[PDB]
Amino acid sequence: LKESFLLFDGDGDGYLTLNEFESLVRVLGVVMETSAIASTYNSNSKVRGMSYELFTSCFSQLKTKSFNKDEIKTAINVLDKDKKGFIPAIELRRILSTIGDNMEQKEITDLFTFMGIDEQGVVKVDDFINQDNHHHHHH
């Protein structure tokens, strides 16, 4: 990963800025709110920025605290093999409980309420993934 770190270190000093950190972690597959990524940066950077070894520690921890888009998609596709485009909201709740731990049950309900998803109904998978990316980028 050192090659990739240094690639994203735009000024060649061995430290990432906050935008370079966010951009690298997203490139590497992390799916989560910008402010949560920024918060990890704030707690694990020196004045100069984030060094390679703080980065690998943070990146390991981000990786546990979240999922990637391959992971969510595989789990969704398992329940829509016919490609109808929809899954049950409660099965989405299961998946999101299962694959990353940056949502508790109460945060899932608040997310479903925000998006207009009923607990006994279905969710349109493309719209959900798109809205959730968008949400994450702005929060």
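Numbering starts at 1 and runs along the sequence shown.
S.K.: Look up the CA B-factors in the entry and say which stretch, 96-104 or 58-66, has the higher mean.
M.R.: Per the PDB entry, the higher value belongs to 96-104.
S.K.: For the higher mean C-alpha B factor in the entry, choose 78-86 or 30-38.
M.R.: Of 30-38 and 78-86, the stretch with the higher C-alpha B-factor average is 78-86.
S.K.: If you rank every modelled residue in this chain by C-alpha B factor, which third holds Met50: lowest, middle or highest?
M.R.: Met50: CA B-factor falls in the lowest third of its chain.
S.K.: Is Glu22 in the lowest, middle or highest third of its chain when residues are ranked by C-alpha B-factor?
M.R.: Within its chain, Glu22 is a lowest-third residue by C-alpha B-factor, going by the deposited values.
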